[PDB]
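Each of two forms of one protein chain follows alone as structure tokens, named structure 1 and structure 2.
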Structure 1
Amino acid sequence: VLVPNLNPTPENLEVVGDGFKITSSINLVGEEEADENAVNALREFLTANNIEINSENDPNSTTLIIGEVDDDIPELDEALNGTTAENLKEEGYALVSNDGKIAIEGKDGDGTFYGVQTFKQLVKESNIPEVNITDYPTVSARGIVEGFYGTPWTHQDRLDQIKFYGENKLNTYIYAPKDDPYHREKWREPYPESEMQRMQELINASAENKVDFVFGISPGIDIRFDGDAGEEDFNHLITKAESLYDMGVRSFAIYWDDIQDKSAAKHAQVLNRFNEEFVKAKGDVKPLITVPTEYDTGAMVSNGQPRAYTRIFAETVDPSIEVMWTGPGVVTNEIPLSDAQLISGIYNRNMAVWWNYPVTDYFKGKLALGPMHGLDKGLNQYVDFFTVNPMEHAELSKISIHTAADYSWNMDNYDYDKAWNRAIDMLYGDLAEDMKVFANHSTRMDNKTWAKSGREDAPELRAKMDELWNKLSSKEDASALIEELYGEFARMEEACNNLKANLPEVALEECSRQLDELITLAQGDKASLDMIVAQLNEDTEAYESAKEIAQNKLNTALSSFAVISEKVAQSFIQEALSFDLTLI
């Protein structure tokens, strides 16, 4: 009967029947012609779910028809009956399940692969709803830049992320880890033989999952521009791009974010010459990507006008080059429309976003587990390339990334709170509700100086806490609020304990300290209510005892590497410890 959670949210989805059960084996039609990567994803899923593929047609098994438009599969059009991917953008598809048949038709092979990804999420214990779907992304490039500091992702982490990206229709991975010398400290040098299997596996997995593997190069450490030294180095840039092209790389990024020679004319000259002698010469290289030395609005702009570097870089840089920026600051609350309009106007093109959330390198004690937040829903008007910088914690990064998939693919309809719930529901199974209790307290990022972003932690709990203080300081009966808060603090503790016992190690090793910290805080939150009740009861001894625990729990939190719920579970102890009911 019902349509499961879907991510991203399809553009158009109509329920047209009560649904049906897929048979124990199926008829597969269009495999000769249909995108290979998409057929493999389909095969994999079928296997994993014990659905066999018929040698020959029809024990009256379910029929699945797969292809792109323009492929020669007369059965696909019949099954799609009226619905079509032909008028859809690149990466679009149509999917129709009706009365024992399932048709998947991509606008291109990419589209077909994404239709498979949709199909996979639609099927629950062989049961599938009866839907008409047409679907396509809001933003052309959607993905990850691996630009965080700290402990690098492992090879296995990257392979898993790439698969995760394909499943969620993210099509871009910018590979530029701090741990790989061949992107920076040895930027001139081709990868040696001992590194090639590793690199090939990443390239291969990217292609298989329709992920654009973008090689990020940072020559800024020691590149020369002037004269013949300049000449020799441009040529190293070419020979290095070539060695990457030869192992299958089709996208390239050149970063200027960390260079000493801060010359916009020279950065843009390298880019333009590279666009010309490499990108264009090759024919099948995706647009060149760049990070200019000024990459946030505060560094780029002064009194609504571009600063000199940005003025020159923008007037010189080829119109086809994607230019990245982080928003109004490097790590900021938001990108309003007006900011994207400003930077897009300066560059006279659609911009590329390097969004520094959920990255936590600037404040490592805290996990960033909230949704895309603060990004304007009209952003696509000025941006056609959207990436997030994630945490060194690859596994827990998936909650925010999940929401980013939904935001960039279906932006008009993005609802950060429903996207966030659905992320956890989708990733955590029977642990979802406990995982929400914990992650809810761990969305807001703020290093107290230059970097802050994310949804506020536990907003509803923070509002209840606020109500408590104003009831207690207004002589209004606070008993119900006290009772309710006791329930909520007990639940925080119960959820975290179930997560410690049952989360798999891949997640647990990322968050075990933050779990213990939320427990400690819940325990001080409880002692804090005990302090209030003791004052109401005029029991001095019960007051002093509750205060000591509250203080102790807060002291543990403050002395721990792990950070969580600063303004909420933590601040509440501080608030309680300073509160005195006798003065009201």
Structure 2
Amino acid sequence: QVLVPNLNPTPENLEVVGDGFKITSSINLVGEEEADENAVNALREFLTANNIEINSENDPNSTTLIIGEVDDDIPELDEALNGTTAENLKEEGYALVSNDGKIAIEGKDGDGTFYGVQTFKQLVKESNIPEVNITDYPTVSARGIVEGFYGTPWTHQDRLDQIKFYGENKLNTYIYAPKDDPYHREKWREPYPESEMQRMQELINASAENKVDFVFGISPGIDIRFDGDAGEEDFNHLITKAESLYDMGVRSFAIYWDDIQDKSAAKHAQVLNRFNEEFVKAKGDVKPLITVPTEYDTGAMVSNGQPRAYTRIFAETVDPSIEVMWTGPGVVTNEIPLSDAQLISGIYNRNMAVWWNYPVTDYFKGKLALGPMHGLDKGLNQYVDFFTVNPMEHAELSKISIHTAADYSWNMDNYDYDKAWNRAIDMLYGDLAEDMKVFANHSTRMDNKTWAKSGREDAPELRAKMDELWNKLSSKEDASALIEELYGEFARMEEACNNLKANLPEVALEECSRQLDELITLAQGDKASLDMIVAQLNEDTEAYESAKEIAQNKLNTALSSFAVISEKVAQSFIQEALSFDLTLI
């Protein structure tokens, strides 16, 4: 339409060049047989879904859609593009032009054509398409998800849905590494049963269809042996287990050393160099080997600007072709400043991979991590060419944070976490988006009270309003308009939560029903907290006492519950109100 819809990720260069036009009921398609197979299917599926027919002939002044790669000799495309091209973009880059009853998609390579089609899909709203000239390409070459958490692994259905979801948002990496799949870690030696294999084949296939590298991770750390013939048999077990997966089409692999006791850096890396030599190089079509060392956060890797002993030997031993992940300054931390990547990258003498622990909640499962990528430097691409997030065991609600990770890593320099976060929920939740924002807003900051802290603060604007209320009140100023405003906010929280319980799809609701009820409880305690303030100002001892018992119950209910939400806002406000003695004349 006239207006450009929400797009994700944010295209590098987009310009509106006209008024927009309505695509016709059937269209002329050019380039099908010569253009990327996966791109065309995704194009077909979108056409089928939106009841847009294809002409088996051509003209009747129907909309023309031209699709192809720069390398193809396609004149209609050249003409339809009219000077703009993907010729000089990086891999996965594309050019899209919609003008005057024509849409032209040109990829730099097949991946770029597929991605062009995803942008086309996001651009079309009720047959209306804006008129734009786009050139697009990612900041970072590897973008995706590592299923690396503890707890119930994603179901097969979950994974397939996730893969399609990655393709649509232009993420190209899925690392299969769940800690509590025994065939990955606890029984890392034994092959998959001849039906978990069938499920593997589907994962592999779906990833191919969506331009996602399926990375198979193995974590031998617990009981692997290195010395003598034990070490040899155990090494062989890696190869046979990897080949078993290569044989069905796995062309990316990871060997992980995270959270084991064994700190033998030379042993770990020689296993990696052995595998890199006798497996990766020998096969010729396997991507760079990926790893994570026993020391994987800056606190664990570094001492006063220098590598620790393990890190030193690992860095100096591991092959330059091997991609090394780290998590940042801590395992779950506020930030990765440019200076942290510079440091670690300097130690390994290369571009690093990030294993980012958000939205993962395995260490603190009562809270859902529902905020955007936050704290990650917008120039990280200077030292990082591989960005993954470790998600929650809750596949569906992970989409929100994943959605924003896709924008951060594709278009890093323009990344706006607030805008990305709003876009994620808008694009995911539709009619329910405004209610979903109210609830998810209260559930962004992860904090286990000890080693793990990350994410945008919960409900900052509400927090600022609460702060404003206390200083108006402790200054003896009129806070009545603010009090009234805060009543509106607490009522609004409870009503959003109720609309969500009533209207969310079950697949999302089964993941958040407890945290929903908890924000309701909290909102009701916040309401009772204002009642306390008002009764005090009014010198009504009775109304105060009654409100205090309610507020105190709601807080106690919240504190005892499994579910955790809004600790520093909705919850703490009640503690603040209980402790504020407004009657001291």
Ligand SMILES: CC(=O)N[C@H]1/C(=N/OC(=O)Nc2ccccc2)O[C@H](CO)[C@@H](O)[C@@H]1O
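Numbering runs along the sequence of structure 1, starting at 1. Whichever C-alpha set is largest while still superposing within 1.5 Å between the two forms counts as the rigid core.
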Check your understanding: For this pair of chain forms, which number matches the form solved without the named molecule?
Key -> 1
**Study point:** Of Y428, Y191, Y362, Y295, the one whose Cα moves 2 Å or more between structure 1 and structure 2 after core superposition
**Key:** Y191
Review point. For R513, is the CA shift between structure 1 and structure 2 at least 2 Å following rigid-core superposition?
Key: no
Review point. Core-aligned, is the CA shift for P504 between structure 1 and structure 2 2 angstroms or more?
Key: no
Review point. Can we say the CA of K178 moves by at least 2 Å between structure 1 and structure 2 when the core is superposed?
Key: yes
Check your understanding: Upon rigid core superposition, what is the positional shift of the Cα of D157 between structure 1 and structure 2, expressed in Å to one decimal?
Key -> 0.3
Practice item. Would you mind giving the Cα movement of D258 between structure 1 and structure 2 in Å, after fitting on the rigid core? Key: 3.6
